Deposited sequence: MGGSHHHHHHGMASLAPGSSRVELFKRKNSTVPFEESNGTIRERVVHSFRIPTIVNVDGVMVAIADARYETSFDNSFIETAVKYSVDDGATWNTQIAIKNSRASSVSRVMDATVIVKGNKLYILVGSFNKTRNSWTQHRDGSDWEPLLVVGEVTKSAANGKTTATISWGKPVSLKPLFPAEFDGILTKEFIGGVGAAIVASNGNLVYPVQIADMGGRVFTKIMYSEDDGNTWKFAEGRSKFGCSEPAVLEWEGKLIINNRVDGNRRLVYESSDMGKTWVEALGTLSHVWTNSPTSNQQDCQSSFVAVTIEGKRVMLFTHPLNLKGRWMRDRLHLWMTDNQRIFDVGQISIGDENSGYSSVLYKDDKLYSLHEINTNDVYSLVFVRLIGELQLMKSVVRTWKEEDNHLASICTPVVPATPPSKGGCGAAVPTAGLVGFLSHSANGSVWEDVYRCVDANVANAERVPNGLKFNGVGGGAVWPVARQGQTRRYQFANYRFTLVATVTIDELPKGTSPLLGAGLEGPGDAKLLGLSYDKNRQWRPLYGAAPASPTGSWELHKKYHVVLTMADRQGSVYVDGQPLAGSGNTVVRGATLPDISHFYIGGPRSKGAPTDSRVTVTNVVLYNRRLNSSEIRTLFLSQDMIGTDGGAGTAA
C-alpha cells in the first residue's frame, strides 16, 4: 500500500543468516560468525561517521537467547561499512546476552547503555529479583583520519561498566528490580548533560519510566525524581524549547507523552500537544512497539521526527512503518517508509548532512534483517511542508491589523495569532475535501459550493467534518479534548425551520451530544451549546450579514463569541467529570450521514483551529482582521 517513496531506496545492511560478525572466542581468536537475526536498530552520526548499532541474535530471534551488540560504521555515507561486535555478553550460558542498546553521542564519543543477562529464560520484567541482570555502560571513541585523500575511521570500545551500584533500592517506597535504557537514540541536553530515558521494572513487575542523567560525561549518574504512570516502557527523549519531551511505549493503550522543564524532576503529561496521539494498532489494544523520536532542523525550522508501525496485522507483526514530522503544533504524516504490507518493527531515523536515512527491522517468519534506507522522496516532501508552514505563518504574522484604542509602529494593531495555530481551512477546496492550509488534516465536505475562502452549504447534510477522534488510529487533534479555540467567519443564507447547526465540537457516543457549539434559529437568535446544558436562545442576527464566531475551551470551561463579544451563558463548565472528553469531530455547517436530515443554509469561511484558548486581545485581533487572513 502506501510505501517507500519514488526516489528512495534501501539495502539489506544487516542480512539475517548471511551477514557475519567478528565473534571473539574465549581464547581471543576471532571467527566470522553467521547471525540468525539482527534486531533493535539505532543509527547515529559521530563526527561525520555513520554508526549503526544492533542486537546480533546469533542463534534465534528470541529475546532470551545468545546476543551481543554489533556495530557497522561508514565514513562514506553508506557506500562501504566496517563491522565489529562492540559489546560482548558474559558467556555464562547458552542464553547470555547484552541487549537493547540506547545510545548518546557527545563529540567523538558514543555512550551505549545495554541490559546484560546471564541465564534467565523468561522476560526481564518477570524475574524474581535483579540478580541475573546488570545495566552496562560502554564508551566508544571514534577517530578518523586521512592519508593521501582517503578518509578512514576506527572505533575503540572501552570495557563495560556496570551501573548496578548506582541503582536505588526504592523510589517513593516503590521497590526496584531492574532497569534498562529506553532503546535507541538518546541525547546530550543543551547544558551538556548526558540524558538517558530509562524503563524500570519494580519487584511485582510493573514498569515505568524515568530520566537518568549525568552532569560530568558519565562519571556519575543521577535518577531524576519524576516518573511516568505505570504501564510505560521503552521511552524516547528529545529536548524541545527548554523541555525534555518523553515519548513512551504503552502496550495495550495509547502512547503517553510527558514534558519536564527541570531535568526530569517534575513531569507533566502533554495533554495539549502529543500525548495519546500515537498508538499500537487501529484498536489500541495490541502489543506496542519501540519508536525513534528525534529533534532535527529542516529548512531552517526545528521539528520532531517520530517513527512507528501502523501494525494493522496486530501483535508483533508491526507492518507499515510510518514517519511523522511535527513542530509541536501541526503533525504531518510523511508516509509509510516500509514496503507494501511487509512486517517491519523497531526503527531509527537520522538526518545527517542534509540527507535523511532510516535503519529499521524487516521480519519474515520471525527471522530479522535491518534495512538501511535513503529517504530521498520523504525528505523532499518534508521540506515542501516545512516551507508551507513557514510561508503561511510569516504571511499571517505580517498582516497589518487595525489599530485599537490602546495600540502604539507601522500603524498596525496586534499581530494575527500564529502560536498554537494548528489547522486552517480557507480557499483551497473541491466538492469532497476542504484542504488544511497547513497540509495535515483536511475536512470532508458534502453538498457544498465554493466561495472565496470557504464554502456555501445547500442540501441534506451540507457542511464539513474536520475529524478529531474520527481521524481513527493516529489522533492528531487529540489536544482538543484538553483545550482549543475554533474560529470562523459565517453568513446565514436562509432562515431555518426551527433550529439548525452552525459550528461546534461533537462528542463520540449515543444521542447527539456536543461539547461546545453554536446553532441559530427561526427567530433570528443564536443558540450557543454549552456541554449538556439546555440551550437557551440569546441575542439577534440578520440574514446575509457576516459574523465572526469564536469557540474557546480550556480548563473545562466553554465560551462562544459572536463579533468579539461573549454570548450569554459563556464561561461555565462544559464537561463534568475527571475523564477527558472524546471529541469525534468539529462540524462546520450541518454535516451528517444519518439521523435528522439537517440542511443548514450557511456560508462559512476561514476556519481556524488553535491548540490553546486565545486571550481577549487575540480574539479582538481576529475579529478585526477577518478580511485579511484568507488564502484567496
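Within the chain's deposited sequence, the coordinate-free stretches run 1 to 11, 420 to 421, 646 to 652 in sequence order.
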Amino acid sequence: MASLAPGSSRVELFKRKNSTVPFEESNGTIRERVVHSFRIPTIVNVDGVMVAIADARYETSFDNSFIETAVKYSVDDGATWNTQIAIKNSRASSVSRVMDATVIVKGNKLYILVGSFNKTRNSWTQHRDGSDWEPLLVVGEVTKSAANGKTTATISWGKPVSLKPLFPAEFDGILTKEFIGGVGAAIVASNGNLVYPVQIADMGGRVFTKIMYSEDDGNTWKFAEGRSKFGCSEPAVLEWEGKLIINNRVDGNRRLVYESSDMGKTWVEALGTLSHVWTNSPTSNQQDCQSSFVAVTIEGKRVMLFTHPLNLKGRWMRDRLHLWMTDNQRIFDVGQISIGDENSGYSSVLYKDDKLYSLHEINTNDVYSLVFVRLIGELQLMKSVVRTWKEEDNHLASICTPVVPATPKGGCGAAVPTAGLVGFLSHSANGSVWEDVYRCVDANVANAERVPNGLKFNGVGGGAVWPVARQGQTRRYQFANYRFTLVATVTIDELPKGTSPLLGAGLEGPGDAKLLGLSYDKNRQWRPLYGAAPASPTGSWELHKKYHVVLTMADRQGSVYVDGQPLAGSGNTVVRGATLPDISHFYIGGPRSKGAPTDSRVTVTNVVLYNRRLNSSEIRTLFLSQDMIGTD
From here on, numbers count along this sequence of modelled residues.
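Averaged over their C-alpha atoms, the temperature factors of 446 to 454 and 114 to 122 are higher for 114 to 122. When the C-alpha B-factors of 80 to 88 and 150 to 158 are averaged, 150 to 158 comes out higher. In the PDB entry, the Cα temperature factor peaks, among 57, 576, 601, 585, at 576. Which of 327, 393, 269, 512 has the largest Cα B-factor in the deposited entry comes down to 512.
Among all modelled residues in its chain, residue 569 ranks in the middle third by Cα B-factor. Per-chain ranking of the deposited C-alpha B factor places residue 606 in the lowest third. Ranked within its chain, residue 374 lands in the lowest third, by CA B factor from the PDB record. When the modelled residues of the chain are ordered by their C-alpha B factor, residue 5 lands in the middle third. In the PDB entry, residue 203 places in the highest third of its chain by CA B-factor.
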